[PDB]
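This report concerns only the one structure given below.
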Amino acid sequence: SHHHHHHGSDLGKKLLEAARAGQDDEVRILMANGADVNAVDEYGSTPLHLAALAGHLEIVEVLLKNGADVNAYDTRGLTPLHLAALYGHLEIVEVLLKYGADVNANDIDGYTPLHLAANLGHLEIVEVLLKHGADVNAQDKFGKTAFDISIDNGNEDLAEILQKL
């Protein structure tokens, strides 16, 4: 599946750290020495998770170009698209979608990327997720949709986007 782990070499740990820190040269060097592009830490995060979380667009692109799993799940069920939407990185959201990210993947608690972007009020990311087929009816473990979250937070601008776009 989209879960890896099982070994955990320090070469893979170096790639995870370099990807999260946005070191383009070191990521290039480590991959040339055979670093697994899909390595995981104790939480199940891959280098693509950490580059998307920390907002490093150029690292995200070189990882995807070398066979990084765009839909990898960590132990909480979070995909790189979840993290890009949660941390508000619009261009990374777009690149992930362009590489086949599952727009409607849900984590352990049932949150989709649309849920996270709505909770944090990232209006443009919500619009982009909707254009790529985000499910407005998807409910989390509390039975709440992305639209319900915008109504409970009184974000009428976000609620209007979730209804008409």
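Virtual Cβ from ideal backbone geometry, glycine too; neighbours counted across all protein chains shown. Any read-out appearing in this document is the output of simple, stated calculations on the displayed coordinates, not a laboratory observation.
Filtered by the rule that a residue be touching a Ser or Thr at 6+ places or on another chain (Cβ under 9 Å), under 15 Å from residue 135 (Cα atoms) and part of a helix (DSSP H, G or I), the stretch 96-120 gives 113, 114, 115, 118.
For the stretch 55-95, how many residues are part of a loop (DSSP other than H, G, I, E, B) and either more than 17 Å from residue 127 (Cα to Cα) or not aromatic (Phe, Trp, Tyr) (or both)? The total comes to 18. Screening the stretch 43-65 for residues that are of a type in the set (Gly, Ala, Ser) and surrounded by 18 or more Cβ atoms within 10 Å (Cβ to Cβ) and picking the one that is nearest to residue 94 (Cα to Cα) gives 52.
Among residues of the stretch 1-29 that are in contact (Cβ under 8 Å) with a residue 12 or more places away in the chain, those with a Cβ under 6 angstrom from a residue that is among the acidic types (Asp, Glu), sequence gap 6+ or separate chain, pair up as 2/69; 12/36; 16/41; 18/26; 24/58.
Is it the case that some residue within the stretch 57-71 is among the basic types (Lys, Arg) and more than 30 Å from residue 7 (Cβ to Cβ)? Within the stretch 57-71, not a single residue is among the basic types (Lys, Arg) and more than 30 Å from residue 7 (Cβ to Cβ). Looking across the stretch 83-115, just one residue is in contact with a helix residue (DSSP H, G or I) (Cβ under 6 Å, 6 or more places away or on another chain) and of a type in the set (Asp, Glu), and that is 91. Sub-8 Å Cβ pairs linking a first residue in the stretch 53-81 that is closer than 19 Å to residue 129 by Cα and touching a residue at least 60 places away in the same chain (Cβ under 8 Å) to a second residue that is among the basic types (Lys, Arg) and surrounded by fewer than 23 Cβ atoms within 10 Å (Cβ to Cβ), at least 6 apart or interchain, number zero.
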